[PDB]
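See below for final-v7.csv, which holds CSV, C-alpha atoms.
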chain,number,residue,atom,x,y,z
Y,12,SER,CA,29.2,128.4,72.2
Y,13,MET,CA,27.7,125.4,70.3
Y,14,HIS,CA,25.1,124.8,67.7
Y,15,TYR,CA,22.5,122.2,68.7
Y,16,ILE,CA,20.2,120.4,66.3
Y,17,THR,CA,17.5,117.8,67.0
Y,18,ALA,CA,15.7,116.5,63.9
Y,19,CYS,CA,13.2,113.8,63.1
Y,20,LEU,CA,13.4,112.3,59.6
Y,21,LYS,CA,10.5,110.7,57.9
Y,22,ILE,CA,11.6,107.6,55.8
Y,23,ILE,CA,10.1,107.8,52.4
Y,24,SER,CA,12.0,104.8,51.1
Y,25,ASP,CA,10.4,101.3,51.2
Y,26,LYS,CA,13.7,99.6,52.0
Y,27,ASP,CA,14.3,97.6,55.1
Y,28,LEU,CA,14.7,99.7,58.2
Y,29,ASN,CA,17.9,97.8,59.1
Y,30,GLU,CA,19.4,98.4,55.7
Y,31,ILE,CA,18.5,102.1,56.0
Y,32,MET,CA,20.1,102.3,59.5
Y,33,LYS,CA,23.3,100.8,58.2
Y,34,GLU,CA,23.6,103.7,55.9
Y,35,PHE,CA,23.0,106.1,58.7
Y,36,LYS,CA,25.6,104.4,60.9
Y,37,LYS,CA,28.2,104.8,58.2
Y,38,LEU,CA,27.2,108.4,57.8
Y,39,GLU,CA,27.4,108.8,61.6
Y,40,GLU,CA,30.8,107.3,61.7
Y,41,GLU,CA,32.1,109.7,59.0
Y,42,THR,CA,30.5,112.9,60.2
Y,43,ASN,CA,31.8,112.5,63.7
Y,44,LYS,CA,35.3,112.8,62.1
Y,45,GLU,CA,34.4,116.1,60.5
Y,46,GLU,CA,36.3,118.9,62.2
Y,47,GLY,CA,33.3,121.0,63.1
Y,48,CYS,CA,31.2,118.1,64.5
Y,49,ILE,CA,31.0,117.9,68.3
Y,50,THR,CA,28.5,115.0,68.2
Y,51,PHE,CA,26.2,113.3,65.7
Y,52,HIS,CA,24.1,110.3,66.5
Y,53,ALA,CA,21.3,108.6,64.5
Y,54,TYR,CA,18.7,106.1,65.8
Y,55,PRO,CA,15.3,104.7,64.7
Y,56,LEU,CA,12.0,105.3,66.4
Y,57,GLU,CA,9.7,102.2,66.6
Y,58,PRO,CA,9.6,100.3,63.3
Y,59,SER,CA,6.0,101.1,62.7
Y,60,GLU,CA,6.8,104.8,62.8
Y,61,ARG,CA,9.2,104.7,59.8
Y,62,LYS,CA,11.2,107.6,61.3
Y,63,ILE,CA,14.8,108.3,62.3
Y,64,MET,CA,16.0,110.7,65.0
Y,65,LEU,CA,19.1,112.8,64.9
Y,66,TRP,CA,21.0,114.3,67.8
Y,67,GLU,CA,23.6,116.8,66.7
Y,68,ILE,CA,26.0,119.3,68.2
Y,69,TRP,CA,28.2,121.5,66.0
Y,70,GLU,CA,31.0,124.1,66.6
Y,71,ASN,CA,28.8,126.6,64.8
Y,72,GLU,CA,26.3,127.1,61.9
Y,73,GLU,CA,28.9,126.9,59.2
Y,74,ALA,CA,29.9,123.5,60.3
Y,75,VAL,CA,26.4,122.3,59.4
Y,76,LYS,CA,26.6,123.7,55.9
Y,77,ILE,CA,30.1,122.3,55.5
Y,78,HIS,CA,28.7,118.9,56.6
Y,79,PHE,CA,26.3,119.0,53.6
Y,80,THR,CA,29.1,119.5,51.1
Y,81,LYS,CA,31.0,116.4,52.3
Y,82,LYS,CA,30.7,113.5,49.9
Y,83,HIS,CA,29.8,111.0,52.6
Y,84,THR,CA,26.8,113.2,53.4
Y,85,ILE,CA,25.8,113.7,49.7
Y,86,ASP,CA,26.1,109.9,49.1
Y,87,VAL,CA,23.3,109.2,51.6
Y,88,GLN,CA,21.3,112.2,50.3
Y,89,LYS,CA,21.4,110.9,46.7
Y,90,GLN,CA,19.6,107.7,47.9
Y,91,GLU,CA,16.5,109.7,48.8
Y,92,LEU,CA,15.7,107.6,51.8
Y,93,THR,CA,14.3,110.4,54.0
Y,94,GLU,CA,13.1,114.0,54.2
Y,95,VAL,CA,13.0,116.1,57.4
Y,96,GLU,CA,9.7,116.1,59.1
Y,97,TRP,CA,10.7,118.6,61.9
Y,98,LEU,CA,13.8,120.3,63.1
Y,99,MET,CA,14.8,122.5,66.0
Y,100,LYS,CA,18.1,124.5,66.1
Y,101,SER,CA,19.6,126.3,69.1
Y,102,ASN,CA,22.8,128.2,69.9
Y,103,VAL,CA,23.9,127.2,73.4
Y,104,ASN,CA,26.9,128.8,75.2
C,12,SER,CA,6.5,136.0,64.2
C,13,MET,CA,6.6,134.8,60.5
C,14,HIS,CA,9.2,134.4,57.9
C,15,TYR,CA,8.3,136.1,54.6
C,16,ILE,CA,9.8,135.4,51.2
C,17,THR,CA,9.2,137.0,47.8
C,18,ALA,CA,11.2,135.5,45.0
C,19,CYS,CA,11.4,135.9,41.2
C,20,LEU,CA,12.6,132.8,39.3
C,21,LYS,CA,14.1,132.9,35.9
C,22,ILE,CA,13.0,130.0,33.7
C,23,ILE,CA,16.1,128.5,32.0
C,24,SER,CA,14.1,125.6,30.6
C,25,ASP,CA,12.8,125.8,27.0
C,26,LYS,CA,9.6,123.9,27.9
C,27,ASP,CA,6.1,125.3,27.5
C,28,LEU,CA,5.2,127.9,30.2
C,29,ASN,CA,1.9,126.1,30.8
C,30,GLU,CA,3.7,122.7,31.2
C,31,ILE,CA,6.1,124.4,33.6
C,32,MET,CA,3.4,126.1,35.6
C,33,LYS,CA,1.6,122.7,36.1
C,34,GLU,CA,4.7,121.5,37.9
C,35,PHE,CA,4.7,124.6,40.1
C,36,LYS,CA,1.0,124.1,40.8
C,37,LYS,CA,1.6,120.6,42.0
C,38,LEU,CA,4.5,121.8,44.1
C,39,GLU,CA,2.3,124.6,45.4
C,40,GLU,CA,-0.4,122.1,46.4
C,41,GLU,CA,2.1,119.9,48.3
C,42,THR,CA,4.1,122.6,50.0
C,43,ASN,CA,0.9,124.2,51.4
C,44,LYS,CA,0.4,120.9,53.3
C,45,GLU,CA,3.8,121.2,54.9
C,46,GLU,CA,3.4,121.8,58.6
C,47,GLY,CA,5.7,124.9,58.7
C,48,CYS,CA,4.1,126.6,55.6
C,49,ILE,CA,1.7,129.4,56.3
C,50,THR,CA,1.3,130.3,52.6
C,51,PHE,CA,3.0,129.4,49.2
C,52,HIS,CA,1.8,130.6,45.9
C,53,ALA,CA,3.4,130.6,42.4
C,54,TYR,CA,2.3,132.5,39.3
C,55,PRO,CA,3.9,133.4,36.0
C,56,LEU,CA,4.8,137.0,34.9
C,57,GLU,CA,4.0,137.8,31.3
C,58,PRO,CA,5.0,135.0,28.9
C,59,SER,CA,7.7,137.0,27.2
C,60,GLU,CA,9.4,137.5,30.5
C,61,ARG,CA,9.9,133.7,31.1
C,62,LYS,CA,9.8,134.3,34.8
C,63,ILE,CA,7.8,132.9,37.8
C,64,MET,CA,7.0,134.8,41.0
C,65,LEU,CA,6.8,133.2,44.4
C,66,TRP,CA,4.9,134.6,47.5
C,67,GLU,CA,5.8,132.7,50.6
C,68,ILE,CA,5.1,132.9,54.4
C,69,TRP,CA,6.7,130.4,56.8
C,70,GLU,CA,6.5,129.7,60.5
C,71,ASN,CA,10.3,130.3,60.6
C,72,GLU,CA,13.6,130.0,58.8
C,73,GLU,CA,13.9,126.2,59.5
C,74,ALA,CA,10.6,125.6,57.8
C,75,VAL,CA,12.2,126.9,54.6
C,76,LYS,CA,15.1,124.5,54.9
C,77,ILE,CA,12.8,121.6,55.8
C,78,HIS,CA,10.9,122.5,52.7
C,79,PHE,CA,13.9,121.8,50.5
C,80,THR,CA,14.4,118.3,52.0
C,81,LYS,CA,10.9,117.3,51.0
C,82,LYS,CA,10.7,115.0,48.0
C,83,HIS,CA,8.0,117.0,46.2
C,84,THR,CA,10.4,120.0,46.3
C,85,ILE,CA,13.4,118.0,45.2
C,86,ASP,CA,11.4,116.5,42.3
C,87,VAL,CA,10.8,119.9,40.7
C,88,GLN,CA,14.4,120.9,41.5
C,89,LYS,CA,15.8,117.9,39.6
C,90,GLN,CA,14.1,119.2,36.5
C,91,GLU,CA,16.3,122.3,36.4
C,92,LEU,CA,13.5,124.4,35.1
C,93,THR,CA,14.5,127.6,36.9
C,94,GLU,CA,17.1,129.5,39.0
C,95,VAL,CA,16.5,132.3,41.4
C,96,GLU,CA,17.1,135.7,39.9
C,97,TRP,CA,16.3,137.7,43.1
C,98,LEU,CA,15.0,137.1,46.5
C,99,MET,CA,14.0,139.1,49.6
C,100,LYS,CA,13.5,137.6,53.0
C,101,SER,CA,12.0,139.2,56.1
C,102,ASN,CA,11.0,138.3,59.6
C,103,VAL,CA,7.7,139.9,60.5
C,104,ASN,CA,6.0,139.8,63.9
Target encoding structure tokens, full file:
Amino acid sequence: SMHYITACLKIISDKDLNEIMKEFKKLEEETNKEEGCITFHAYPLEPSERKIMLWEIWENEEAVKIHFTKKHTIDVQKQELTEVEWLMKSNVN
Amino acid sequence: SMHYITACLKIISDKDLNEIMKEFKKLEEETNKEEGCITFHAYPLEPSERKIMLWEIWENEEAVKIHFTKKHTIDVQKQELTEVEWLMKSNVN
């Protein structure tokens, strides 16, 4: 069994998309090292969209919650660069 | 199917109840525009109670989580005006 998540983030920051993506790449690098993370990948939609897409697979639902307690996650969060526009969760076995 | 939530907030701030409610009215206005929000309404109990009641209906549980990632929600949160005293969730179809 695995917990799948696909989410689209709306960028509310006015910073450069490249600068923003660097933060997401660092986050991606650190969260892939989390024990409960099967996969985590972030990438930008077309520049004009000002959106970022997330592909995630976790060992379970708790892994997602644990993820948000990690300092590397909270560090990006404190920057208030985005907010979730839509998200779809699914348990796949 | 819909996700219903009724919550009672305890005001821990010492600010004027009217001032506090204005913040909740702005929040109410913005969250009703969220895609996943069917209804969201906030109102104060009797002044002496120092409590605020919330009536909420969402498309689903994820909509609630998405709600807390929105900047308009976090803005009120950062003010530390309340804490949840009690809350009851229910899925109704």
Neighbours of point (18.4, 104.2, 68.0) within 10 Å, using only C-alpha atoms, written as an MDAnalysis selection string: chainID Y and resid 32 52:57 63:65
Sorted by chain and rising residue number, which residues of chain C lie within 8 Å of chain Y, and what are their closest atom pairs and distances in Å to one decimal, counting all atoms listed in the file, as CSV?
residue,atom,partner,partner_atom,distance
C:73,CA,Y:98,CA,6.9
C:77,CA,Y:95,CA,5.7
C:80,CA,Y:94,CA,5.0
C:81,CA,Y:94,CA,5.1
C:82,CA,Y:94,CA,6.7
Taking all atoms listed in the file into account, which of Y:71, Y:90, Y:50, Y:43 comes nearest residue 12 in chain Y?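 The answer is Y:71, which sits nearest to residue 12 in chain Y.
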Superposition of chain Y onto chain C by least squares over all sequentially paired C-alpha atoms; the transformed chain is requested as a short mmCIF file (atom, residue, chain, number, x, y, z; two decimals) with C-alpha atoms, in the frame of the given file.
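Output file selection.cif follows:
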data_model
loop_
_atom_site.label_atom_id
_atom_site.label_comp_id
_atom_site.auth_asym_id
_atom_site.auth_seq_id
_atom_site.Cartn_x
_atom_site.Cartn_y
_atom_site.Cartn_z
CA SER Y 12 6.49 136.00 64.20
CA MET Y 13 6.63 134.82 60.54
CA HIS Y 14 9.19 134.40 57.87
CA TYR Y 15 8.30 136.15 54.60
CA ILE Y 16 9.87 135.39 51.24
CA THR Y 17 9.22 136.98 47.84
CA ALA Y 18 11.28 135.52 44.98
CA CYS Y 19 11.40 135.86 41.23
CA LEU Y 20 12.59 132.79 39.30
CA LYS Y 21 14.14 132.98 35.92
CA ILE Y 22 13.05 129.98 33.67
CA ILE Y 23 16.04 128.48 32.06
CA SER Y 24 14.11 125.59 30.56
CA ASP Y 25 12.74 125.82 26.97
CA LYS Y 26 9.58 123.92 27.84
CA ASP Y 27 6.14 125.34 27.47
CA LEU Y 28 5.26 127.88 30.11
CA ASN Y 29 1.96 126.06 30.79
CA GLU Y 30 3.70 122.75 31.26
CA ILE Y 31 6.18 124.44 33.63
CA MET Y 32 3.31 126.06 35.63
CA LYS Y 33 1.63 122.71 36.05
CA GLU Y 34 4.66 121.53 37.85
CA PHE Y 35 4.65 124.56 40.04
CA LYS Y 36 0.95 124.12 40.86
CA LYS Y 37 1.59 120.59 42.01
CA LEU Y 38 4.50 121.80 44.06
CA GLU Y 39 2.26 124.57 45.46
CA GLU Y 40 -0.40 122.13 46.36
CA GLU Y 41 2.08 119.91 48.27
CA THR Y 42 4.05 122.58 50.07
CA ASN Y 43 0.97 124.24 51.44
CA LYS Y 44 0.40 120.92 53.33
CA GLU Y 45 3.83 121.11 54.90
CA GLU Y 46 3.50 121.85 58.60
CA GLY Y 47 5.70 124.91 58.65
CA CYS Y 48 4.13 126.57 55.56
CA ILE Y 49 1.73 129.44 56.26
CA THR Y 50 1.30 130.24 52.54
CA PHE Y 51 2.99 129.44 49.24
CA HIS Y 52 1.74 130.63 45.91
CA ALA Y 53 3.37 130.51 42.44
CA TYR Y 54 2.35 132.50 39.32
CA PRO Y 55 3.90 133.50 35.95
CA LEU Y 56 4.84 136.98 34.89
CA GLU Y 57 4.00 137.83 31.21
CA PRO Y 58 4.98 135.00 28.85
CA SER Y 59 7.63 137.02 27.17
CA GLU Y 60 9.39 137.49 30.49
CA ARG Y 61 10.00 133.74 31.07
CA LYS Y 62 9.81 134.29 34.85
CA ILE Y 63 7.81 132.92 37.78
CA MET Y 64 6.96 134.73 41.02
CA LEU Y 65 6.74 133.21 44.43
CA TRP Y 66 4.87 134.51 47.45
CA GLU Y 67 5.76 132.67 50.62
CA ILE Y 68 5.13 132.86 54.34
CA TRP Y 69 6.73 130.39 56.75
CA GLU Y 70 6.52 129.69 60.55
CA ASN Y 71 10.24 130.36 60.69
CA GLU Y 72 13.60 129.93 58.84
CA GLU Y 73 13.87 126.25 59.53
CA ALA Y 74 10.64 125.60 57.82
CA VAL Y 75 12.23 126.86 54.59
CA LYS Y 76 15.16 124.50 54.88
CA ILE Y 77 12.83 121.65 55.78
CA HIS Y 78 10.80 122.52 52.65
CA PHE Y 79 13.93 121.85 50.52
CA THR Y 80 14.40 118.36 51.92
CA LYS Y 81 10.84 117.29 51.00
CA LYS Y 82 10.75 115.01 47.99
CA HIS Y 83 8.01 116.96 46.25
CA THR Y 84 10.33 119.98 46.35
CA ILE Y 85 13.44 118.01 45.18
CA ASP Y 86 11.39 116.45 42.31
CA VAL Y 87 10.80 119.89 40.76
CA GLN Y 88 14.41 120.93 41.52
CA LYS Y 89 15.83 117.90 39.66
CA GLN Y 90 14.06 119.14 36.46
CA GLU Y 91 16.24 122.24 36.38
CA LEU Y 92 13.50 124.45 35.08
CA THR Y 93 14.51 127.63 36.95
CA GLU Y 94 17.14 129.41 39.03
CA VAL Y 95 16.45 132.34 41.40
CA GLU Y 96 17.03 135.68 39.87
CA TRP Y 97 16.28 137.71 43.10
CA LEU Y 98 15.01 137.05 46.54
CA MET Y 99 14.01 139.09 49.56
CA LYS Y 100 13.50 137.57 53.07
CA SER Y 101 11.96 139.27 56.11
CA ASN Y 102 11.00 138.30 59.66
CA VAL Y 103 7.66 139.94 60.45
CA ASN Y 104 6.00 139.76 63.92
#
If we count all atoms listed in the file, what is near residue 49 in chain Y at a cut-off of 12 Å, once residues fewer than 3 positions away on the same chain are taken out, given as a PyMOL selection string? chain Y and resi 12-16+39+42-46+52+66-71+74-75+78
For CA of residue 33 in chain Y and CA of residue 48 in chain Y, the interatomic separation in Å (one decimal):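 Atom-to-atom, CA of residue 33 in chain Y and CA of residue 48 in chain Y are spaced 20.0 Å apart.
CA of residue 58 in chain C to CA of residue 17 in chain C spans 19.5 Å [interatomic distance, one decimal].
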Grab the CA of residue 60 in chain Y to CA of residue 47 in chain C distance for me, in Å with one decimal place. 20.5 Å
Using all atoms listed in the file, can you tell me which of C:19, C:26, C:83, C:76 comes closest to residue 38 in chain C? C:83
